[PDB]
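J.: this one's experimental. Sequence and coordinates below.
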Amino acid sequence: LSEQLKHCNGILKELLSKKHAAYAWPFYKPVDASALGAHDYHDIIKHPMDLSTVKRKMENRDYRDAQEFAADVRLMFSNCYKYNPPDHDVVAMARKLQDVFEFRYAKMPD
Ligand SMILES: COC(=O)[C@H](C)[C@@H]1N=C(c2ccc(Cl)cc2)c2cc(OC)ccc2-n2c(C)nnc21
Ligand code: NI
């Protein structure tokens, strides 16, 4: 459980690492809707999430189990799949980052 959360922290660090930066970078910080001209973003996405928030929650010991952590990471991807047309580049980047997440998350210590 402590062990499971360390696995989660390792994943998080990987998702933030240089190795994945080419597709992970849109997920590094909260969506700035005004900056992007996306004035409908917060009407469509009721629960924003991003990797810096996941990181803060982990550093603050907010996550009590792996399932809670996974739910936030997956929310982040779902927000992207909900807001953007499925043929947009940002969606391809999300799918690639999600593949990295899901395959390593699956190796949960038990
Ligand atoms: C106008 O609509 C947008 O730009 C989306 C809201 C936005 N697209 C993008 C986006 C659009 C095109 C490319 Cl190639 C990459 C990211 C986006 C860009 C960012 O730059 C700091 C941060 C977040 C996003 N992002 C995420 C995550 N989900 N949607 C987006
Ligand atoms: Ni889940």
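T.: Yep, that arrived. Residues are numbered from 1 along each chain as shown. Ligands and ions are numbered 1, 2, ... in the order given.

J.: helix or strand: which one has the residue nearest the centre of the chain?
T.: Per Cα atoms, centre = their mean, the C-alpha nearest to the average position across the chain is that of residue 73, at 3.8 Å. Element membership of residue 73 [criterion: DSSP states H and E] is helix 66-83.

J.: just residue 29 next, same as before
T.: Judged by DSSP H and E, residue 29 forms part of no helix or strand.

J.: secondary structure class for the residue nearest to it when sequence neighbours are not counted?
T.: Closest residue in space to residue 29, ignoring its immediate chain neighbours: residue 52 at 5.3 Å, by Cβ to Cβ, 6 or more residues apart in numbering. To be clear about C-beta, it is placed using only N, CA and C from the backbone, and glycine gets the same treatment. With DSSP: H, G, I helix; E, B strand; the rest coil as the basis, residue 52 sits in helix.

J.: what sits against residue 52?
T.: For residue 52, the contact set (Cβ atoms under 8 Å, 6 or more residues apart in numbering) comprises 28, 29, 30.

J.: go again using 10 Å as the cut-off
T.: 16, 27, 28, 29, 30 (Cβ atoms under 10 Å, 6 or more residues apart in numbering).

J.: could you do residue 2 as well?
T.: Per Cβ under 10 Å, 6+ apart, neighbours of residue 2: none.

J.: contact residues of the chain facing ligand 2?
T.: Listed as neighbours of ligand 2 in the chain under the rule Cβ under 5 Å from the ion: 70, 71.

J.: tell me where the chain has helices.
T.: 2-16, 21-24, 33-36, 41-44, 51-59, 66-83, 89-105 (DSSP state H).

J.: any idea how far the residue in the chain that ligand 2 sits nearest to is from residue 21?
T.: Going by Cβ to the ion, ligand 2 is nearest to residue 71 of the chain, at 4.4 Å. Look at residue 71 and residue 21: by Cβ to Cβ, to the nearest Å, they are 24 Å apart.
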